[PDB]
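A quick write-up on the structure given underneath.
We did not get these values from a lab; they are worked out from the coordinates using the rules stated. Using ideal geometry, Cβ is built from the backbone for each residue, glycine included, and neighbour counts are taken over all protein chains shown.
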Amino acid sequence: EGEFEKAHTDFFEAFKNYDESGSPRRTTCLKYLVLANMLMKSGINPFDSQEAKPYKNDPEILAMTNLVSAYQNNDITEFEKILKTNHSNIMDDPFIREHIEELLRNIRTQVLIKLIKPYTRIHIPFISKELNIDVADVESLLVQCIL
Amino acid sequence: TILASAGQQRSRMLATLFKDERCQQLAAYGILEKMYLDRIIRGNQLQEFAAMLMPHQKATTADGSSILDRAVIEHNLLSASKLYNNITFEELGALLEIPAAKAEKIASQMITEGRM
Amino acid sequence: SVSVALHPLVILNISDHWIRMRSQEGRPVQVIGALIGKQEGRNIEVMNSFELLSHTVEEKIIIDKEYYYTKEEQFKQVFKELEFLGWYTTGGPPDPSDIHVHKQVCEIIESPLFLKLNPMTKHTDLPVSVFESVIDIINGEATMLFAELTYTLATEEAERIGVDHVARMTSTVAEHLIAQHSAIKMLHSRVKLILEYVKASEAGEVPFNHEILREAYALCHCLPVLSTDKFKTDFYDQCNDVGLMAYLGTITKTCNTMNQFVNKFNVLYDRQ
Amino acid sequence: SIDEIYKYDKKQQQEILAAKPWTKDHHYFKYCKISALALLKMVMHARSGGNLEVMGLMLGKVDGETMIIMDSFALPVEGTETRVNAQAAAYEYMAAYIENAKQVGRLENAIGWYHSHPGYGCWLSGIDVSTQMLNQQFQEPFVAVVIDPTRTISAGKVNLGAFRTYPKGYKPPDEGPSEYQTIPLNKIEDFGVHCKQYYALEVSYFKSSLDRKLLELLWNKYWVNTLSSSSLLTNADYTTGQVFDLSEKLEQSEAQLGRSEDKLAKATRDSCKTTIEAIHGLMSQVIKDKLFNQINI
Amino acid sequence: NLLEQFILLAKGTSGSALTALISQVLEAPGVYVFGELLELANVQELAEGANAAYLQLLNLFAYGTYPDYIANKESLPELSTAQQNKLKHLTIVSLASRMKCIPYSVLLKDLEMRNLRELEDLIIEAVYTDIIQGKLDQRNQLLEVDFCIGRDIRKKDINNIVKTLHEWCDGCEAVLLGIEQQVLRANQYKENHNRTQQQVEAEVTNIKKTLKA
Ligand SMILES: [Zn+2]
């Protein structure tokens, strides 16, 4: 089942508890620690806050480290570019199936909220260009946001 | 002063230079007068000022986007807000000498944060 | 250059300062102060003022900087958005002593205003004059001179009401109509004088001045004041809103009279 | 001889303070003279305070049975009308400002305190009454000044009041004229309980000889601001709160009618005042239209 | 101060030099009123001679508008670059003197312009000279004028000034009379109402007193 708040809270503890004991799970733990701090749209960049400094960057997974940066900058282009280029390596994972649509829907919401600030009457096909979505998707997103 | 960054600090220096009279014989007075009094700087005046500039003063961050060229556009748009009650995109772009889409984008950027 | 919007509170402060200093010494003296207000671009608005302590050594007078810093620290607590603008004094035309003191003031603020109030004047206009410092190079040295500025009295309903009450010193509609009967009487006695001058120039009594007769033409052309179509919809909106409010007020008063009469009636003609 | 009041006699003030006439009769102080500058400064500060309550201290002296006030300086305190003895929160400021003033010819001592009552009349509430009792106990002589800036703008007249409280345990004799004042419902109780413990002084204003000259010369460019100002657009939010309060007063009036003494007359008195102010706001605009928008060809 | 400088420079000049000074005055920026130059005897003396064209030009620049340089174009001398712009600015001032909301069509017709951009640029550069002050509305195609300078006057227009100032004086007097009448009526109403109330109270008191029998 997808409900993982219990593990979401426990991720911060397990970052240190099983660091030198859960060696087989260390490779997957460092990828998942980002998600827990990523879901609340807060926590700056976990790249260097805690003791994860020895790990820092890893050569095969680099866009994964910049994913949180793109999320913080609310730049849809960086997110889509990272997803298309590094596919099968950021997405490969299972636990990302349940959270990729959640992630790539709270960027579009903030982008759309900022976009409509100076306008009083806007064109839906114009919003369909900034957000890489069709008209039928932006209309549904607008309905959900307005509700 | 003209090349400096926007703010009230630079505004005080602009006022001080404007109060001087020895500045009337300089070649850049025609642009200081429009910069301090919130007027519209046309293309030719900016071209003359850039031609008379020194290479090291002509900063051009990132893709060209010369910083002076962006500041002059943002000043012309701010100054046109006192003469017009409502302006079309196709004629706000022809007043700032930019494409209409660029005019709309700059206007939205300035309206959003705090500048208009 | 800049535009100055003076406040009558500053003038009252200066007058009270001078009267206090004269009454405590038996001889008029020259007083020094400081002005605080708000500046937005090229629109300076002088709002309040306070006193400053000055020491006169030999033949030169200086302003104690530590006292001014103490007063700035004190007043920043109360008024947060107000900032230092310049200084004021009492006297006639600007003097070398004033231009010497202006240098010390300018050492604190880049462009300080100068205000001079003449307590013993002989004209029929307000003796307040505003100057700003303009520096110049001449004869091989730098001389700093004073350029006069034009000021306008600022607007505020509370300040206007207080000023009117202070100036005057002694039915509710017969006391509101008099406050509007003393301002129209001042506009009429000026339009009449302008008309008399124009007729005198026509028939021939004073030299033909072109400038005055052009400004009079512009003044005549300025009427009516904003007779656009959108005006006579907001004006009527306001009139109808006040009319409805008055209608409800009369309905309430009639209901009160209703209740009074019914109570007085169910005493005499009561058979239960 | 108008400026004679401006002279400060330290010896006479010391003698009067030492004598203390006021401790033998609780009804001693009857007059309150206020300078022009003090009134202007108080009104300006109260208006700048917005919809909150601002407080300050005012300087002066006593002469006979009259309380003379010459200057006032604002205090950097917030939250008045809810804390007893709020001025102590800036007591150090009291030391800093006054000690500065004595250097620049301001010799008069602290005489009273003032605060603003935006939109609900001039009187003393329970907290204000307690603060005035404390001040009279520890800082005699003293006087409390309450200002209403919103009603000053709305009614076109200065709304100010100077009050002094009665000592604890003293019974005030008669004195029940009770000139009517419109008090909001949410604060109607505080007026009722504390109404006999303080009495108001007779307020008058004075100005120096130079102030009169400057004020008569000032009424040459200041007549513009009279007939170029709109009163309807200024206090537009005041006569919506007033209408809400009136509509809520009519609730209690009708509830009593269905059965705290004759509330309908008081509700009618409030409605009449609000409507009179509204009509006064339109008469000036009609006059301005008759003067300026009717001179075409 | 420019016009008096030119007048002082033209104290004794006449003939070709005076015509050259007239042209320089018409071209000089900041000089938008020519009434003291017209009052000079030597300037008015140009009617008798071959230089009446320059006097006609000066009269046109003092009291005329740009359309008037549509029928006298053949007679008048050639107009320079800045002179046409100055005449267009004065035409804008003349239009704004009558109405305070000038439609774009009127400006396009009289100023002889074809584009909206050219017209708006001319209006903006006229505003920058501080001869008129206003705002441009483009949705409704209007120029809203808040202030404009007064152009030159003849000796036959002052009667109009007297006529339109008499109306203002009479209106102020009639407003004052009405205000005094309203004050009087209100005081009378208040006095009558309290006299009636006090009389009713006195009658009630008398009834109460006589009732003790
Ligand atoms: Zn209170």
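Exactly one condition in (1) exposed (fewer than 13 other Cβ atoms within 10 Å of the Cβ); (2) of a type in the set (A, V, I, L, M); (3) within 14 Å of chain E (Cβ to nearest Cβ) is false for C:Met169; which is it?
(3)
Inside region E:14-77, counting only helices (runs of 4 or more DSSP H) that do not spill past its ends, which hold 1 or more residues that are within 23 Å of C:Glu215 (Cβ to Cβ)?
Values: elements: E:16-27, E:41-44, E:52-63.
Ranges flagged: E:16-27, E:52-63.
Give the residue that is nearest to the ligand (Cβ to nearest atom), with candidates limited to residues of region D:114-128 that are surrounded by fewer than 23 Cβ atoms within 10 Å (Cβ to Cβ) and away from every other protein chain (no Cβ under 14 Å). Walk me through how you get there before you give the answer.
First pass over region D:114-128, keeping only residues surrounded by fewer than 23 Cβ atoms within 10 Å (Cβ to Cβ): D:118-123, D:125-127.
Adding the requirement that they be away from every other protein chain (no Cβ under 14 Å) leaves D:120-123, D:125-127.
Values: D:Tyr120: 9, D:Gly121: 10, D:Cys122: 9, D:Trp123: 8, D:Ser125: 5, D:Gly126: 9, D:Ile127: 7 Å.
Ranking the candidates gives D:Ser125 first.
Only one of these is within 18 Å of the chain's Cα centre (by Cα) and more than 14 Å from the ligand (Cβ to nearest atom): D:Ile111, D:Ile98. Name it. Before the answer, list the steps.
On the way: D:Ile98 fails: within 18 Å of the chain's Cα centre (by Cα).
Going through D:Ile111, D:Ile98 in turn, just one is within 18 Å of the chain's Cα centre (by Cα) and more than 14 Å from the ligand (Cβ to nearest atom): D:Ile111.
Might you check whether a residue that is within 9 Å of chain D (Cβ to nearest Cβ) and part of a helix (DSSP H, G or I) occurs anywhere in region C:265-272? I'd like the intermediate steps shown before the answer.
Filtering region C:265-272 for residues within 9 Å of chain D (Cβ to nearest Cβ) gives none.
No: region C:265-272 contains no residue that is within 9 Å of chain D (Cβ to nearest Cβ) and part of a helix (DSSP H, G or I).
Would you mind telling me which numbered condition in (1) buried (at least 20 other Cβ atoms within 10 Å of the Cβ); (2) more than 14 Å from every other protein chain (Cβ to nearest Cβ) D:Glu175 fails?
(1)
I'm trying to understand the selection: among the residues of region D:89-108, which are more than 24 Å from C:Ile14 (Cβ to Cβ) and in contact with a helix residue (DSSP H, G or I) (Cβ under 9 Å, 6 or more places away or on another chain)? Don't jump to the end; show me each part of the working.
Our first condition is that a residue be more than 24 Å from C:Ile14 (Cβ to Cβ); within region D:89-108, this holds for D:89-95.
Once the filter is applied, which keeps residues that are more than 24 Å from C:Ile14 (Cβ to Cβ) and in contact with a helix residue (DSSP H, G or I) (Cβ under 9 Å, 6 or more places away or on another chain), region D:89-108 yields D:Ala90, D:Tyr93, D:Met94.
Would region B:56-72 turn up any residue that is within 14 Å of another protein chain (Cβ to nearest Cβ) and under 21 Å from E:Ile124 (Cα atoms)? I'd like the intermediate steps shown before the answer.
Initially, region B:56-72 is screened for residues within 14 Å of another protein chain (Cβ to nearest Cβ), giving none.
So far as region B:56-72 goes, no, none of its residues is within 14 Å of another protein chain (Cβ to nearest Cβ) and under 21 Å from E:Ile124 (Cα atoms).
Of the conditions (1) within 14 Å of chain C (Cβ to nearest Cβ); (2) farther than 20 Å from D:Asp148 by Cβ, D:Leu232 fails just one. Which one is it?
If we test D:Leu232 against (1) within 14 Å of chain C (Cβ to nearest Cβ); (2) farther than 20 Å from D:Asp148 by Cβ, just (2) comes out false.
Within the set of pairs 6 or more residues apart or between chains, which connect a residue that is more than 10 Å from chain C (Cβ to nearest Cβ) inside region E:138-154 to a residue that is part of a loop (DSSP other than H, G, I, E, B) with Cβ atoms less than 9 Å apart?
E:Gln138/B:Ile87; E:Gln138/B:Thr88; E:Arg139/B:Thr88; E:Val145/E:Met99; E:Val145/E:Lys100
Go through region D:134-150 and count every residue that is within 14 Å of another protein chain (Cβ to nearest Cβ) and away from the ligand (no atom under 11 Å from the Cβ).
Taking region D:134-150 first, the residues within 14 Å of another protein chain (Cβ to nearest Cβ) are D:147-150.
From what's left, away from the ligand (no atom under 11 Å from the Cβ): D:149-150.
Final tally of qualifying residues: 2.
Residues checked against (1) at the interface with chain C (Cβ under 9 Å from one of its Cβ atoms); (2) away from the ligand (no atom under 16 Å from the Cβ):
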{"position": "D:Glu15", "(1), (2)": "no, yes"}
{"position": "D:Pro21", "(1), (2)": "no, yes"}
{"position": "D:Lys41", "(1), (2)": "yes, yes"}
{"position": "D:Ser48", "(1), (2)": "yes, yes"}
{"position": "D:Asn51", "(1), (2)": "no, no"}
{"position": "D:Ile68", "(1), (2)": "no, yes"}
{"position": "D:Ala74", "(1), (2)": "yes, no"}
{"position": "D:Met94", "(1), (2)": "no, yes"}
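Can you name the residue in region B:73-96 that is surrounded by 15 or more Cβ atoms within 10 Å (Cβ to Cβ) and acidic (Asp, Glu) and, of all such residues, is nearest to B:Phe49 (Cα to Cα)?
The selected residue is B:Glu74.
Restricting to region C:186-218, what's the tally of residues that are at the interface with chain E (Cβ under 9 Å from one of its Cβ atoms) and either surrounded by 14 or more Cβ atoms within 10 Å (Cβ to Cβ) or in contact with an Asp or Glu (Cβ under 7 Å, 6 or more places away or on another chain) (or both)?
Counting residues in region C:186-218 that are at the interface with chain E (Cβ under 9 Å from one of its Cβ atoms) and either surrounded by 14 or more Cβ atoms within 10 Å (Cβ to Cβ) or in contact with an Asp or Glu (Cβ under 7 Å, 6 or more places away or on another chain) (or both) gives 17.
Loosely packed, with under 12 Cβ neighbours inside 10 Å and either more than 14 Å from chain E (Cβ to nearest Cβ) or closer than 19 Å to E:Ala96 by Cβ (or both): does that describe C:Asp234?
Values: loosely packed, with under 12 Cβ neighbours inside 10 Å: yes; either more than 14 Å from chain E (Cβ to nearest Cβ) or closer than 19 Å to E:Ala96 by Cβ (or both): yes.
So C:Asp234 passes the test.
Identify the residue in region D:202-245 that is assigned to a helix (DSSP H, G or I) and hydroxyl-bearing (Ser, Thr, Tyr) and, among all such residues, is nearest to the chain's Cα centre (by Cα).
Result: D:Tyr238.
Please specify each residue of region D:269-284 satisfying the condition of being polar (S, T, N, Q) and either more than 9 Å from chain C (Cβ to nearest Cβ) or over 25 Å from the mean Cα position of the chain (by Cα) (or both).
Within region D:269-284, D:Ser284 is the sole residue that qualifies.
Look through D:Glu248, D:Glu254, D:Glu261 and report the one residue that is among the acidic types (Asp, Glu) and either at the interface with chain C (Cβ under 8 Å from one of its Cβ atoms) or in a loop (DSSP other than H, G, I, E, B) (or both). Give the derivation first.
Details: D:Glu248 fails: either at the interface with chain C (Cβ under 8 Å from one of its Cβ atoms) or in a loop (DSSP other than H, G, I, E, B) (or both); D:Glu254 fails: either at the interface with chain C (Cβ under 8 Å from one of its Cβ atoms) or in a loop (DSSP other than H, G, I, E, B) (or both).
None of the other options fit; the residue is D:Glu261.
Could you say which residue among E:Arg114, E:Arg151 is crowded, with 16+ Cβ neighbours inside 10 Å and among the basic types (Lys, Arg)? Steps first, please.
Values: E:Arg114 fails: crowded, with 16+ Cβ neighbours inside 10 Å.
Matching residue, one of E:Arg114, E:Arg151: E:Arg151.
Taking region D:129-151 only, how many residues are more than 19 Å from D:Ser72 (Cα to Cα) and either surrounded by 14 or more Cβ atoms within 10 Å (Cβ to Cβ) or among the charged types (D, E, K, R) (or both)? Give the derivation first.
Of region D:129-151, the ones more than 19 Å from D:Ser72 (Cα to Cα) are D:129-130, D:133-134, D:137-138, D:150-151.
Pick out the ones that are also either surrounded by 14 or more Cβ atoms within 10 Å (Cβ to Cβ) or among the charged types (D, E, K, R) (or both) and you get D:129-130, D:133-134, D:150-151.
Of the residues in that region, 6 qualify.
Could you tell me which numbered condition E:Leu90 fails, if it satisfies all but one of (1) over 16 Å from the mean Cα position of the chain (by Cα); (2) crowded, with 19+ Cβ neighbours inside 10 Å; (3) within 14 Å of chain C (Cβ to nearest Cβ)?
All conditions pass for E:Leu90, except number (1).
Among the residues of region C:1-34, count how many are more than 14 Å from D:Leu210 (Cβ to Cβ), outside any loop (DSSP other than H, G, I, E, B) and facing chain D (nearest Cβ under 8 Å).
Within region C:1-34, residues that are more than 14 Å from D:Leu210 (Cβ to Cβ), outside any loop (DSSP other than H, G, I, E, B) and facing chain D (nearest Cβ under 8 Å) number 1.
Could you tell me whether any residue of region C:35-49 is hydrophobic (A, V, I, L, M, F, W, C) and either assigned to a helix (DSSP H, G or I) or more than 27 Å from D:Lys213 (Cβ to Cβ) (or both)? Spell out how you get there, then give the answer.
Within region C:35-49, the first condition is being hydrophobic (A, V, I, L, M, F, W, C), and the residues that meet it are C:35-36, C:44, C:46-47.
Still in the list and also either assigned to a helix (DSSP H, G or I) or more than 27 Å from D:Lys213 (Cβ to Cβ) (or both): none.
Within region C:35-49 (the criterion being hydrophobic (A, V, I, L, M, F, W, C) and either assigned to a helix (DSSP H, G or I) or more than 27 Å from D:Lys213 (Cβ to Cβ) (or both)), the answer is no, since none of the residues qualifies.
Among the numbered criteria (1) of a type in the set (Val, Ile, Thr); (2) away from the ligand (no atom under 13 Å from the Cβ); (3) away from chain C (no Cβ under 14 Å); (4) over 20 Å from D:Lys33 (Cα atoms), which one does D:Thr131 miss?
Here D:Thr131 meets the rest and fails (2).
Here's a check for you: in region A:1-57, which residue that is surrounded by fewer than 16 Cβ atoms within 10 Å (Cβ to Cβ) and β-branched (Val, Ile, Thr) is nearest to the chain's Cα centre (by Cα)?
Checked region A:1-57; the qualifying residue nearest to the chain's Cα centre (by Cα) is A:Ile44.
Quick check: anything in region D:220-231 within 14 Å of the ligand (Cβ to nearest atom) and out of contact with any helix residue (DSSP H, G or I) (no Cβ under 7 Å at 6 or more places or on another chain)? Reasoning before the result, please.
To start, the set of residues in region D:220-231 that are within 14 Å of the ligand (Cβ to nearest atom) comprises none.
Scanning region D:220-231 turns up no residue that is within 14 Å of the ligand (Cβ to nearest atom) and out of contact with any helix residue (DSSP H, G or I) (no Cβ under 7 Å at 6 or more places or on another chain).
E:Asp130 is checked against (1) facing another protein chain (nearest Cβ under 9 Å); (2) in a loop (DSSP other than H, G, I, E, B) and fails just one. What number does that condition carry?
It is condition (1) that E:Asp130 fails.
May I ask you to list the residues in region C:146-162 that are more than 7 Å from every other protein chain (Cβ to nearest Cβ), among the hydrophobic types (A, V, I, L, M, F, W, C) and outside any strand (DSSP E or B)?
Selection gives C:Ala154 alone.
Select, from C:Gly41, C:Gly37, the only residue that is more than 9 Å from chain D (Cβ to nearest Cβ) and over 18 Å from the mean Cα position of the chain (by Cα).
Working: C:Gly37 fails: over 18 Å from the mean Cα position of the chain (by Cα).
Only one candidate qualifies: C:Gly41.
Of the numbered conditions (1) within 16 Å of the ligand (Cβ to nearest atom); (2) within 14 Å of chain C (Cβ to nearest Cβ), D:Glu81 satisfies every one except a single condition; which is it?
Every listed condition holds for D:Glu81 apart from (2).
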